[PDB]
Each structure stands twice: as C-alpha cells, then as structure tokens.
Amino acid sequence: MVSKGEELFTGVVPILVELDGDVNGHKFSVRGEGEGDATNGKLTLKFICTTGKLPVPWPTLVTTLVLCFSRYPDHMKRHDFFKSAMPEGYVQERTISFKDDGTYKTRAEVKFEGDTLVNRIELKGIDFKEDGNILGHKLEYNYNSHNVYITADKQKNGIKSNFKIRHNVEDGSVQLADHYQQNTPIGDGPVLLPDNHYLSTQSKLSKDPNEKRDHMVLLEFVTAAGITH
C-alpha cells in the first residue's frame with residue numbers, strides 16, 4: 001500500500017451515483033447503485049432516471065456516471081492519483097463536445113460518505129440539435145472499449161485527460177464525443193501525481209427485465225497500463 005487512500009479499496013466497496021442534469025433546458029435526474037472492486041477492476045451499477053424518460057441516450061452519460069475503481073497493477077501503485085485522494089475525494093470536471101452537436105459540462109465530487117463511495121454530479125448540456133443523434137435518440141444501446149490517457153497536472157495537484165468516445169449511430173455512422181477532463185483533490189493532504197499512463201476500459205450495457213423505469217445496467221472493467229516499471 002503506497003497511499004492511505006489505497007487501503008479503502010482492498011475489497012468490494014458499495015457505490016452511490018447521483019446526477020442532476022439540464023440538456024437544452026430538459027431537466028432530469030439519475031440515481032445509480034452497485035459496487036466496485038479495484039482489486040479486479042470490476043464495476044457493477046444500475047442507474048434509474050428518477051424524473052421519468054431520460055431526454056438523452058444512456059450511452060452519452062456512461063463516462064459521467066468512478067476511476068478510483070481502476071485496477072492499477074502492483075508496479076503502477078505509485079501512479080494511482082484517484083485512490084490517493086480518498087477518503088476526502090476529488091472533483092472531476094469535464095467538457096464533452098459531441099461532434100457537429102452540443103456540449104455537456106460536468107462537475108462531480110467523488111468521495112466516501114460513510115462507507116459508500118459517492119459520485120455526485122451536476123451536468124449542463126447546451127447547443128444540441130433537436131434532430132441530432134443525442135436529442136433524436138439515434139445512438140445504439142452499446143459501448144466501445146477505450147484507452148484513456150492520464151497526465152499529471154502539477155499546477156492543480158491533480159490529473160488531466162482528453163479522449164474521444166465513439167458512439168455507434170443507428171444509421172451505421174459514429175457520433176464522436178471529445179472529452180476534456182480535470183481532477184483535483186477535495187483534501188489539501190498529499191496525493192500521488194502519476195507518470196504518463198492510460199486506463200483500458202470495456203463496458204457492457206444491458207436492461208433489468210423486472211425494471212419498468214428508464215434505466216441502464218452497466219458492467220465495466222478498467223485497468224491501468226503503459227508504465228515500463
């Protein structure tokens with residue numbers, strides 16, 4: 001163990017996710033629950049739209065709706081910023097630019113509340129086309145595997161990332177979502193600033209057959225890679 005934070009992730013940790021959103025003035029909320037295991041990189045979450053019908057496709061929210069559950073190999077433990085900020089946690093901020101469409105701006109706090117790892121998010125969506133892939137619901141209910149490159153941000157005592165998500169469109173086209181991310185500790189205690197590396201992601205989206213509300217079941221694996229030793 002190379003951070004106090006890392007001790008909080010030796011087993012399965014229950015998770016709560018809460019998101020309050022506004023896309024082109026359409027107000028919606030999501031709550032998710034499940035668990036994460038950073039020892040194997042496995043995350044199991046079920047999300048509900050608490051306000052009724054989700055006004056955007058579920059796949060567009062996957063990245064917004066807990067990289068502290070990434071599996072960092074033993075040789076990479078000193079490059080795990082996300083756990084090092086725990087339990088006080090970190091702020092995760094993004095701009096997500098949907099190519100030829102609107103933008104999500106997100107601010108989340110990821111931190112322990114009691115024994116639960118909580119991801120609490122505000123999302124603002126602007127400049128979406130009513131007949132675009134997003135407000136038009138033209139995106140397939142599926143998800144690609146990605147590499148998410150992590151860099152140190154010495155000045156902010158945190159990390160940055162930029163990456164493109166590819167969303168499959170019902171017409172066989174692809175909707176690009178360009179992510180710009182910043183993470184900063186909530187605490188003023190010491191954190192691990194990493195050497196350059198990447199996270200390998202893979203996401204399976206499914207439905208709960210008993211669930212009549214608008215929802216998404218997520219199975220994710222996230223693994224850190226890219227450090228020689």
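Residues numbered from 1 in each chain as written, not as in the entry; some residues may be left out. Heavy atoms only, no water. Residues with missing side-chain atoms left out of burial classes, pairs and counts.

Structure determination for this entry is recorded as X-ray crystallography, at 1.6300 Å resolution.

Its place among the elements puts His146 in strand 7 (residues 146-153). The class for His146 is buried, based on a relative accessible area of 10%. Those residues in contact with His146 that lie beyond four places of it in its chain are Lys164, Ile165, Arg166, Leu199, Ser200 and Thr201. (Helix = DSSP H or I, 4+ residues; strand = E, 2+ residues; numbered from the N terminus. Buried < 20%, exposed > 50% of the residue type's maximum accessible area, 1.4 Å probe, protein only. Contact = heavy atoms within 4.5 Å.)

Let us look at the layout of surface pockets. Estimates place the volume of the largest pocket at around 200 Å³. In the lining of the largest pocket, the residues fall into 4 nonpolar, 4 polar and 6 charged. (1 Å grid on protein atoms, 1.4 Å probe; cavity = no way out; pocket = protein on both sides within 12 Å on 5 of 7 lines; lining within 4 Å. Points joined across faces, edges and corners; volume = space filled by probe spheres on them. Nonpolar A, V, L, I, M, F, W, Y, C, P; charged D, E, K, R; others polar.)

The next thing to look at is the pattern of salt bridges. Enumeration over the complete set of coordinates arrives at 13 salt bridges. Linking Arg120 and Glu113 is a salt bridge whose minimum nitrogen-to-oxygen distance equals 2.8 Å. When its relative accessible area of 31% is taken as the criterion, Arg120 is described as partly exposed. As a salt-bridge pair, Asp153 and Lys156 come within 3.5 Å of each other at their nearest N and O atoms. For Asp153, a relative accessible area of 6% corresponds to the buried category. A relative accessible area of 33% places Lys156 in the partly exposed class. A network of salt bridges, in which partner residues are shared, links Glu18, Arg107, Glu109, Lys111, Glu113 and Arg120. (Salt bridge = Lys/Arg side-chain N within 4 Å of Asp/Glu carboxyl O.)

Quick look at the environment of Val191 now. Residue placement: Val191 occurs in the loop between strand 9 (174-185) and strand 10 (197-206). For the pair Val191 and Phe81, spaced 110 residues apart in the sequence, the C-alpha separation amounts to 6.2 Å. Look past the residues within four positions of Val191 in its chain and what remains in contact with it is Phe81, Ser84, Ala85, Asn157 and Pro185.

The subject of this paragraph is the side chain of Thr103. Among the structural elements, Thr103 can be located in strand 5 (residues 103-113). In contact with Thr103, other than residues within four places in its own chain, are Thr95, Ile96, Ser97, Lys124, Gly125, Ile126 and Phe128.

Turning next to the nonpolar core. Grouped together as the largest cluster of nonpolar side chains are 57 residues, with contacts concentrated most on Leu61, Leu65, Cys68, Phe82, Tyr104 and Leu117. The greatest single-element share of this core, amounting to 5 residues, is contributed by strand 1 (residues 13-23). The residues touching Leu65, leaving out its near neighbours within four places in the chain, are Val17, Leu19, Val30, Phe47, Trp58, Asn119, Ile121 and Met216. (Core = buried A, V, L, I, M, F, W, Y, C linked by side-chain atoms within 4.5 Å.)

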